[PDB]
>>> print(open('data32.csv').read())   # CSV, C-alpha atoms and all ligand atoms
chain,number,residue,atom,x,y,z
A,1,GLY,CA,77.6,85.0,30.6
A,2,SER,CA,78.7,85.9,34.1
A,3,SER,CA,76.9,83.9,36.8
A,4,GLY,CA,78.0,86.0,39.7
A,5,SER,CA,79.8,85.2,43.0
A,6,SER,CA,79.7,87.1,46.3
A,7,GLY,CA,82.9,85.8,47.9
A,8,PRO,CA,84.0,82.3,48.8
A,9,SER,CA,86.5,83.9,51.2
A,10,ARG,CA,85.7,85.2,54.7
A,11,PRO,CA,86.5,88.8,55.8
A,12,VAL,CA,89.2,89.9,58.2
A,13,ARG,CA,87.0,88.7,61.1
A,14,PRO,CA,88.5,87.7,64.5
A,15,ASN,CA,88.8,84.1,65.9
A,16,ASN,CA,86.9,84.8,69.1
A,17,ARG,CA,83.9,82.4,68.8
A,18,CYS,CA,82.8,78.9,69.6
A,19,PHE,CA,82.8,76.3,66.7
A,20,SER,CA,79.6,74.9,68.3
A,21,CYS,CA,77.5,77.7,69.5
A,22,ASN,CA,79.3,80.6,67.8
A,23,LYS,CA,79.6,82.2,71.2
A,24,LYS,CA,82.4,84.9,71.1
A,25,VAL,CA,85.1,83.3,73.2
A,26,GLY,CA,87.2,86.5,73.1
A,27,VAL,CA,90.9,85.8,73.7
A,28,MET,CA,90.3,83.2,76.4
A,29,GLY,CA,88.8,80.4,74.3
A,30,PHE,CA,89.9,76.8,73.9
A,31,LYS,CA,91.7,76.1,70.6
A,32,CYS,CA,91.7,72.5,69.5
A,33,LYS,CA,94.7,70.8,67.8
A,34,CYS,CA,92.6,70.8,64.7
A,35,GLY,CA,92.5,74.6,64.7
A,36,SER,CA,89.0,75.4,66.0
A,37,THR,CA,87.9,77.8,68.7
A,38,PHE,CA,85.5,76.8,71.4
A,39,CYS,CA,83.9,78.3,74.6
A,40,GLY,CA,85.5,75.6,76.7
A,41,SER,CA,82.2,73.7,76.8
A,42,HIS,CA,82.7,72.7,73.2
A,43,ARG,CA,86.5,72.4,73.3
A,44,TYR,CA,86.1,68.6,73.2
A,45,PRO,CA,86.6,66.8,69.9
A,46,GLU,CA,83.5,64.6,70.5
A,47,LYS,CA,81.5,67.8,70.7
A,48,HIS,CA,82.8,68.9,67.3
A,49,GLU,CA,83.7,67.1,64.1
A,50,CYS,CA,87.4,66.7,64.8
A,51,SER,CA,89.0,65.0,61.9
A,52,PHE,CA,92.3,65.1,63.8
A,53,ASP,CA,93.5,61.6,64.6
A,54,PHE,CA,94.6,61.7,68.3
A,55,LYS,CA,94.4,57.9,68.7
A,56,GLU,CA,97.9,56.4,68.7
A,57,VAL,CA,99.5,55.1,65.5
A,58,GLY,CA,97.2,52.8,63.6
A,59,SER,CA,96.4,53.6,60.0
A,60,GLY,CA,98.9,52.8,57.2
A,61,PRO,CA,98.3,53.9,53.6
A,62,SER,CA,97.1,57.4,52.6
A,63,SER,CA,93.5,58.2,53.5
A,64,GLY,CA,91.2,61.2,53.5
B,1,ZN,ZN,80.4,76.8,73.0
B,2,ZN,ZN,89.1,69.6,67.1
>>> encode(input="data32.csv", output="structure tokens")
Amino acid sequence: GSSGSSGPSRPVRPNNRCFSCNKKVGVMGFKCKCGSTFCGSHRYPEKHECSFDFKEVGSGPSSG
């Protein structure tokens, strides 16, 4: 039968929040190159799983 699903998609919520403490960063937060919002204190990549590869060129073949 039908298992049932709530919603794998998020609502029309804003983007004012920290991706580390979830602290609403209003419209003055620190957005990372990856596309995450932080309260300035967690704007660093080391303080948040940042897949983005800042390091200069290195890899070669397709990965991840
Ligand atoms: Zn924060
Ligand atoms: Zn990041």
>>> atom_distance(input="data32.csv", atom1="atom CA of residue 16 of chain A", atom2="atom CA of residue 39 of chain A")
9.0 Å
>>> residues_near_ligand(input="data32.csv", ligand="ligand ZN 2 (chain B)", cutoff="8 Å", atoms="all atoms listed in the file", output="PyMOL selection string")
chain A and resi 31-36+43-45+48-52
>>> closest_atom_pairs(input="data32.csv", of="chain A", to="ligand ZN 1 (chain B)", cutoff="6 Å", atoms="only C-alpha atoms and all ligand atoms", output="tab-separated table")
residue	atom	partner	partner_atom	distance
A:18	CA	B:ZN1	ZN	4.7
A:20	CA	B:ZN1	ZN	5.1
A:21	CA	B:ZN1	ZN	4.6
A:23	CA	B:ZN1	ZN	5.7
A:38	CA	B:ZN1	ZN	5.3
A:39	CA	B:ZN1	ZN	4.1
A:41	CA	B:ZN1	ZN	5.2
A:42	CA	B:ZN1	ZN	4.7
>>> atom_distance(input="data32.csv", atom1="atom CA of residue 25 of chain A", atom2="atom CA of residue 10 of chain A")
18.6 Å
>>> atom_distance(input="data32.csv", atom1="atom CA of residue 24 of chain A", atom2="atom CA of residue 47 of chain A")
17.1 Å
>>> closest_residue(input="data32.csv", among="A:60, A:26, A:40, A:1", to="residue 14 of chain A", atoms="only C-alpha atoms")
A:26
>>> axis_aligned_box(input="data32.csv", around="segment 11-30 of chain A", padding_each_side="4 Å", output="AutoDock Vina command-line options")
--center_x 84.2 --center_y 82.4 --center_z 66.1 --size_x 21.4 --size_y 23.0 --size_z 28.6
>>> closest_residue(input="data32.csv", among="A:9, A:15, A:2, A:63", to="residue 28 of chain A", atoms="all atoms listed in the file")
A:15
